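There is one chain below, alone, in structure tokens, taken in the form solved without ligand APR.
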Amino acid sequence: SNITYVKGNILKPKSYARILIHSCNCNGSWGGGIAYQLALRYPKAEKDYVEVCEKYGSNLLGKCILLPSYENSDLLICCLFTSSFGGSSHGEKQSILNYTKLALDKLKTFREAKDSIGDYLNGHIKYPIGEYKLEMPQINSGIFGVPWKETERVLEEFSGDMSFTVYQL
């Protein structure tokens, strides 16, 4: 299994380069959950996220955008665009699952290329890309109501390609 589970806050500051993967809406709202915490401590990353939502809207579904944290060069933010709207206006379960697989497949290809998705990055990537650990919360399982085992089966389709550390409550 390519998933490592840990109990704790993914946002607790860590000693190592890491890409923080989280599930996003196209509406320019980091309005809740981990996205809200990201909005409050990395406000320049939010501005990038909102701008790309402004530019493309729901043309982003199934795509991925890599953002520097700006305030910590060891930390990149990876937005999986899986829903048009956030909160209780989120998209249907299967669409979120499918879009999650699609955005993660763009990130997989981007990682192999370097060993739209990287345009805000150029110059904030200090280390080689294969050295950023891939970390995420239990994406889609809270506000979107997407059962974790269904999302786990999606992350499992990348065994060999990619390894993830998943933070849980």
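Position 1 is the first residue in the sequence shown; the rest follow in order.
Not pictured, yet referred to below: the form solved in complex with ligand APR.
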Using 4.5 Å between non-hydrogen atoms, is residue 137 touching ligand APR in the deposited complex? yes
Answer with yes or no whether residue 42 is in contact with ligand APR in the deposited complex, where contact means some heavy atom within 4.5 Å. no
Going by a heavy atom distance of 4.5 Å, is residue 37 a contact of ligand APR in the deposited complex? yes
Heavy atom of residue 154 within 4.5 Å of ligand APR in the deposited complex: no
Work out which of 50, 117, 102, 143 lies within 4.5 Å of ligand APR in the deposited complex, going by heavy atoms. 143
Heavy atom of each of 10, 23 and 29 within 4.5 Å of ligand APR in the deposited complex: yes
Work out which of the listed stretches, 102-110, 60-68, 124-132, 29-37, brings a heavy atom within 4.5 angstroms of ligand APR in the deposited complex. 29-37
